[PDB]
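FYI, side chains are in, hydrogens and waters are out, and symmetry mates aren't considered; it's all heavy atoms of this structure. Numbered from 1 within each chain, the chains take letters A, B, ... in sequence-line order.
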Amino acid sequence: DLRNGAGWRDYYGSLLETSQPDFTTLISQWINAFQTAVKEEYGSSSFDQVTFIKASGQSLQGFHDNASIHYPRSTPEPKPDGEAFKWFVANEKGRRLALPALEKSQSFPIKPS
RNA sequence: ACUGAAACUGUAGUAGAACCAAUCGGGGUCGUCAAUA
């Protein structure tokens, strides 16, 4: 039950019941008001190409390449001793790769070397 | 070449009116640490 202040002046105008407006005609308009504002202030031809929007979208959607999500480790299995630090050791002596951009959806290799 | 006497500083009057103990905060989560040989 969303109404602007004009719609609340009507609601508080009477102690009798009165029609609420149908917000579902407007929801798409409000979303477009948001989306166009993002296109305009974070200059883009598309809303979906705005970098924090594309990044946020990839977060909510998850990664498409079906690579598993897990902390860096130098072995497919989670081995019981959990030496996740030694992927970072291999990365330091290896290709020194950084955490890829979220909107790029790039996986790490298990051997960062 | 005579102390004046007698007379409640009392009577009426609400320390009260107004004021939100409140604003913000995912019980959350990854690679570091040590320095030589």
Could you measure the distance from the [atom1] atom of [X] to the [atom2] atom of [Y]? Nearest 0.5 Å is fine.
{"X": "A:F47", "Y": "A:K54", "atom1": "CZ", "atom2": "NZ", "value": "11.5 Å"}
{"X": "A:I53", "Y": "A:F34", "atom1": "CD1", "atom2": "CZ", "value": "4.5 Å"}
{"X": "A:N32", "Y": "A:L26", "atom1": "CG", "atom2": "CG", "value": "12.0 Å"}
{"X": "A:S74", "Y": "A:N91", "atom1": "OG", "atom2": "CG", "value": "11.5 Å"}

For atom [atom1] of [X] and atom [atom2] of [N], their distance in whole Å:
{"X": "A:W87", "N": "B:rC33", "atom1": "CH2", "atom2": "P", "result": "17 Å"}
{"X": "A:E83", "N": "B:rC33", "atom1": "CD", "atom2": "P", "result": "17 Å"}
{"X": "A:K86", "N": "B:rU32", "atom1": "NZ", "atom2": "P", "result": "15 Å"}
{"X": "A:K79", "N": "B:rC30", "atom1": "NZ", "atom2": "P", "result": "24 Å"}
{"X": "A:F85", "N": "B:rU32", "atom1": "CZ", "atom2": "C1'", "result": "9 Å"}
{"X": "A:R73", "N": "B:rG31", "atom1": "CZ", "atom2": "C1'", "result": "14 Å"}
{"X": "A:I69", "N": "B:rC30", "atom1": "CD1", "atom2": "P", "result": "13 Å"}
{"X": "A:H70", "N": "B:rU29", "atom1": "NE2", "atom2": "P", "result": "18 Å"}

State the sugar conformation of [N] as north or south, using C1'-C2'-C3'-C4' as the deciding torsion.
{"N": "B:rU11", "answer": "north"}
{"N": "B:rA15", "answer": "south"}
{"N": "B:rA34", "answer": "north"}
{"N": "B:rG28", "answer": "north"}
{"N": "B:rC20", "answer": "south"}

Encoded 5' to 3' (Watson-Crick or G-U under 3.5 Å; [ ] crossing; | other strand), RNA chain B becomes .....................................

TODO: Flag this pair as yes if the NZ/CZ of A:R73 is under 6.0 angstrom from the six-membered ring centre of A:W87 and inside a 45 degree cone about the axis; otherwise no.
DONE: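 Pair A:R73/A:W87 does not count as cation-pi.
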
Check your understanding: Between A:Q49 and A:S46, is there a donor-acceptor pair closer than 3.5 Å when you use the side chain of the first and the backbone of the second?
Key ->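 Yes, because the side chain of A:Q49 sits within donor-acceptor range (under 3.5 Å) of the backbone of A:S46.
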
Specify the glycosidic conformation (syn or anti) of B:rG26, with syn defined as within 90° of 0.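 Glycosidic conformation of B:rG26: syn.
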
**N-glycosidic conformation, B:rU14 - syn within 90 degrees of 0, else anti** =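 With its glycosidic angle within 90° of zero, B:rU14 counts as syn.
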
Q. Linking I/L/V/M/F/W/Y whenever their side-chain heavy atoms sit closer than 4.5 Å, directly or via other members, would A:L102 and A:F52 fall into one cluster?
A.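 No, A:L102 does not connect to A:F52 through the hydrophobic network.
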
Notebook entry, point to check: Looking at the strand neighbours B:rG10 and B:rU11, are the centres of their six-membered rings under 5.5 angstrom apart while the planes meet at under 30 degrees?
Noted result: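 Between B:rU11 and B:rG10 there is base stacking, as the criterion is defined here.
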
- Message: If stacking means ring centres below 5.5 Å and interplanar angle below 30 degrees, are the neighbouring bases B:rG31 and B:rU32 stacked?
- Response: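 Ring centres or planes out of range, so no.
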
- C1' atom, B:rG31 versus B:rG27: distance in rounded Å?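 B:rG31 and B:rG27 have their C1' atoms separated by 22 Å.
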
*For nucleotides B:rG28 and B:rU32, find the distance between their P atoms and express it as a whole number of Å.*
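Straight-line distance between the two P atoms is 24 Å.
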
Are there over 12 heavy-atom neighbours, none belonging to A:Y11, within less than 6.0 Å of that residue's OH?
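Open: at most 12 neighbouring heavy atoms sit under 6.0 Å from OH of A:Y11.
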
